[PDB]
2 protein chains.
Amino acid sequence: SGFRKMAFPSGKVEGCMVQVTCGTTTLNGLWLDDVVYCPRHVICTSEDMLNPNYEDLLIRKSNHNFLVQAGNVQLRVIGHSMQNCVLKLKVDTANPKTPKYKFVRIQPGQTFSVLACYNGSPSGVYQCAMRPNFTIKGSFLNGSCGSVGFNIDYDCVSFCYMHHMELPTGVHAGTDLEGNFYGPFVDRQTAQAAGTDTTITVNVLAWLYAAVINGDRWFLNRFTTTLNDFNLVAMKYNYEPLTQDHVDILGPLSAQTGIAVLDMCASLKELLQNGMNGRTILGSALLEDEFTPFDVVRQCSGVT
Amino acid sequence: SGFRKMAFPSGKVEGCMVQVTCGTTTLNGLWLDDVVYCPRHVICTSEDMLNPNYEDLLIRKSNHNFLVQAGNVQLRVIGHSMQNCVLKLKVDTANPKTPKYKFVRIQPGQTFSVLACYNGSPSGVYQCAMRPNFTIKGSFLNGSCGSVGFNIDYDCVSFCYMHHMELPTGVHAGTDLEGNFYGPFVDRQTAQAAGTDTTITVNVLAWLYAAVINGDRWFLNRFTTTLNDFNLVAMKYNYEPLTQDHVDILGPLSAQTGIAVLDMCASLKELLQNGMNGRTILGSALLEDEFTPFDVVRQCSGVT
Ligand SMILES: Cc1ccncc1NC(=O)C[C@@]12CCC[C@@H]1C2
Ligand SMILES: Cc1ccncc1NC(=O)C[C@@]12CCC[C@@H]1C2
């Protein structure tokens, strides 16, 4: 028992972290096989940042200008290319620590662990969610660009995120491992509108099930609701509309606990309308939305 | 910017995790040099659990009865001994993945990362605090015993905790790496009183500084207080009494932000007396106490 915002063990990813320098800029790179991936803004200087001409800047760079260091050793760069907003530096040595891996594009509302790095060195690991508006509320300082987000299924690391930018609002933006930004963001030092965010309803429901499994039951009530009635409340409180697909994914939790998904929806409805009344659920005084139904099952059963 | 409940990267600890079996029981062990450490209750059966005679049970066990597996390989046990509530199994092979390490006894109120494991395999990593009453509110299921708590200073892992038990209340109890329980707990399946817990005041203050550094400022006010006046409020709200030693440790944060520690104490006093008024601080709707002043400085500066 007990429920925590658990991150995946970061070992397999730590062995992939390298430092990438180009001119004055140093950031993090991801070394997999004989390729190092990093944000393309490593080639910029402060004068470029407002609106960099990435193709033009990269043309002034040669393989020898990209300094790649895996802690103690220097990697020899034999090729460079820009794919979307990432640079792929072909090195002459395959990373001996390369785990089984996949590059995946996650959906908004899904969760992942971030291994925050500085100068190719890991400082910490935290679990977070891709917001419905494609931003992440992370912890990133200058130098952390290139730090990656990932999930682990047994021994295979699915890399889903690479950090690129902090918006003027202090929220974070990044790309998949093919360099495509999540959301409407561009890698420029400009004010950029992030979409209207919403709370990930399916995740809040999954977390309410985790609470029941672990003893916090005070919020359970004598009521039920419908998808339509619940979605009217979710609309008012800026929550993601719940669909039968979300009800379906909550099936194992509904089955384990015997609490019908719509009955849990009714508990959520009363919590949205009345608040917590100074009480807590799993150590939180708000409705947590960074645990997917998959995260709840995995943690509640001991999946390694 | 951004502030997260960050855990240390778990790589160095993952390479130390092994599986220990004795009879029907399987739990986790920590392999450092040529020694495997694990909770001594691995030698019990359900009939023993109410009040095991550990010395008597261990006498019925030989080196060959302790099955130690480091994932793929079986370790040869050449010695066994019980030190307090831990068993130390001498193996014929030193762990090639042994990092620089220390065994430390942490103080209540200090924080650390837990690498939750099952059958010698890591499932996740989370940051937590040793409560003033020596319990930890973790996430541990059956089989997680032997999972360890630790801190990392550059390349040296300081192991501070080994998980042993879940109290009837669902709170967790464990030992240092010499097998000494934190708190008054004994490794028996009995109801055991945990002391009256309190909120770690110095940590809440450190977290209020992290909030200011990262933009959340609404709670700052036109007031100041004294240690005596503040401690009267802390007494009423079951918070740890603040001392000049705590004020001293908050020095770097007071210096960085220009907010005198007693002025921050006055903001905390008003938050205790009035609540959050439906607002949040760093994504939380309560006063967070799992970040030490050291954690705040490390995270706010990018220490790897
Ligand atoms: C300073 C910082 C802190 C945390 N996370 C990211 C950053 N860096 C940036 O945002 C750099 C830029 C803006 C210009 C193009 C390139 C993305
Ligand atoms: C079942 C479980 C779940 C999570 N954390 C720990 C446990 N296990 C125990 O508490 C076992 C005992 C009680 C008897 C002696 C030995 C400590």
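Residues numbered from 1 in each chain as written, not as in the entry; some residues may be left out. Chains lettered and ligands numbered in written order. Heavy atoms only, no water.

- Per the PDB record, this model was obtained through X-ray crystallography at a reported resolution of 1.590 Å.

### A few points about the pairing of strand β7 (residues 86-91) of chain A
Regular strands show a simple pattern: their side chains alternate between the two faces of the sheet.
Residues and elements named next belong to chain A.
Part 1 of the reasoning: Direction of pairing for strand β3 (residues 35-39) relative to β7: antiparallel, over a ladder of 5 bridges. Considered in β7, the bridge of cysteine 38 is made with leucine 87.
Part 2 of the reasoning: Linking two consecutive strands that pair antiparallel, namely strand β6 (residues 77-83) and β7, is a turn of 2 residues; a positive phi of about 55° is found at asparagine 84 within it. (Pairing = 2+ DSSP bridges. Helix = DSSP H or I, 4+ residues; strand = E, 2+ residues; numbered from the N terminus.)

### Comments concerning the pattern of salt bridges
Residues and elements named next belong to chain A.
Part 1 of the reasoning: Enumeration over the complete set of coordinates arrives at 24 salt bridges over all chains.
Part 2 of the reasoning: Residue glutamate 290 is joined to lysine 5 by a salt bridge in which the shortest nitrogen-to-oxygen separation is 3.0 Å. Residue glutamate 290 is located in the loop between α7 (261-274) and α8 (293-301), and its partner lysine 5 is located in the segment before α1 (11-14); the two are separated by 285 residues in the primary sequence.
Part 3 of the reasoning: According to the relative accessible area criterion, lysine 5 is partly exposed, its value standing at 28%.
Part 4 of the reasoning: For the salt bridge of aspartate 34 with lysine 90, the shortest nitrogen-to-oxygen distance reads 3.4 Å. In this pair, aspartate 34 is assigned in the loop between β2 (25-32) and β3 and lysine 90 in strand β7, connecting sequence segments 56 residues apart. (Salt bridge = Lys/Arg side-chain N within 4 Å of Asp/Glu carboxyl O. Buried < 20%, exposed > 50% of the residue type's maximum accessible area, 1.4 Å probe, protein only.)

### With respect to the nonpolar core
Part 1 of the reasoning: Counting 40 residues, the largest nonpolar core has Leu30(A), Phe150(A), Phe159(A), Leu30(B), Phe150(B) and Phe159(B) as the members making the most contacts within it.
Part 2 of the reasoning: The contacts of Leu30(B), once residues within four sequence positions are left out, are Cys16(B), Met17(B), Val18(B), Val35(B), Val36(B), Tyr37(B), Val148(B), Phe159(B), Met162(B) and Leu177(B). (Core = buried A, V, L, I, M, F, W, Y, C linked by side-chain atoms within 4.5 Å. Contact = heavy atoms within 4.5 Å.)

### Digging into the environment of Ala129(A)
Residues and elements named next belong to chain A.
Part 1 of the reasoning: With respect to the secondary-structure elements, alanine 129 resides in strand β10 (residues 121-129).
Part 2 of the reasoning: The exposure class assigned to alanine 129 is buried, which follows from its relative accessible area of 0%.
Part 3 of the reasoning: For the pair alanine 129 and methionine 235, spaced 106 residues apart in sequence, the C-alpha to C-alpha distance is 21 Å.
Part 4 of the reasoning: Apart from residues no more than four positions distant in its own chain, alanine 129 is found in contact with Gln110, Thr111, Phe112, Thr135, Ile136, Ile200 and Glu290.

### Topic: the packing of helix α3 (residues 201-213) of chain B against helix α8 (residues 293-301) of chain B
Residues and elements named next belong to chain B.
Part 1 of the reasoning: Between α3 and α8, the least distance of the axes is 8 Å, while the angle of their chain directions is 20°. With respect to their mutual orientation, α3 and α8 come out roughly parallel. In the crossing of α3 with α8, the sense of the turn from one axis to the other is right-handed. Contact with α3, carried on its side by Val202, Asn203, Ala206, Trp207, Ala210 and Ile213, involves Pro293, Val296 and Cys300 of α8 and no other residues of that element.
Part 2 of the reasoning: The residue inventory of the contact of α3 with α8, partitioned by class, reads 8 nonpolar, 1 polar and no charged. (Axes fitted to C-alpha atoms, helices over the stretch in contact; angles between N-to-C directions. Parallel < 35°, antiparallel > 145°, perpendicular 65-115°, else oblique. Left-handed = near helix turned anticlockwise from the far one by under 90°. Nonpolar A, V, L, I, M, F, W, Y, C, P; charged D, E, K, R; others polar.)

### Regarding the relation of the copies chain A and chain B
Part 1 of the reasoning: The operation relating chain A to chain B is a screw motion whose rotation component is 180°, with 0.0 Å of axial translation and a residual RMSD of 0.0 Å. What the superposition gives is, in effect, a two-fold axis relating one chain to the other. The position closest to the rotation axis in chain A is occupied by the C-alpha of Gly11(A), lying 1.8 Å away.
Part 2 of the reasoning: Comparing interface residues between copies, 100% of those in chain A also sit at the interface in chain B, which points to an isologous, same-surface contact. (Least-squares fit on C-alpha atoms.)

### Re the site of ligand 2
Residues and elements named next belong to chain B.
Part 1 of the reasoning: Contacts to ligand 2 come from 13 residues, most closely from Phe140, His163, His164, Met165 and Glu166.
Part 2 of the reasoning: For ligand 2, a nitrogen atom lies 2.8 Å from a polar atom in the side chain of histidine 163.
Part 3 of the reasoning: Taking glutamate 166, its main chain carries an N or O atom lying 3.1 Å from an oxygen atom of ligand 2.
Part 4 of the reasoning: Alone, ligand 2 offers 420 Å² of accessible surface; in the complex the protein occludes 87% of this.
Part 5 of the reasoning: For the shell around ligand 2, the per-class residue count stands at 5 nonpolar, 5 polar and 3 charged. (Near = heavy atom within 4 Å. Polar contact = N/O pair within 3.5 Å; in protein donor to acceptor, adjacent residues only side chain to side chain. Areas by Shrake-Rupley, 256 points an atom, 1.4 Å probe, with all protein chains shown as cover.)

### What to know about the site of ligand 1
Residues and elements named next belong to chain A.
Part 1 of the reasoning: In the vicinity of ligand 1 lie 13 residues, with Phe140, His163, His164, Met165 and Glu166 positioned nearest.
Part 2 of the reasoning: Between a nitrogen atom of ligand 1 and a side-chain N or O atom of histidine 163, the distance comes to 2.8 Å.
Part 3 of the reasoning: Here an oxygen atom of ligand 1 and a backbone polar atom of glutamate 166 are 3.1 Å apart.
Part 4 of the reasoning: Burial of ligand 1 by the protein amounts to 87% of the accessible area it has alone, namely 420 Å².
Part 5 of the reasoning: For the shell around ligand 1, a count of residues per class yields 5 nonpolar, 5 polar and 3 charged.

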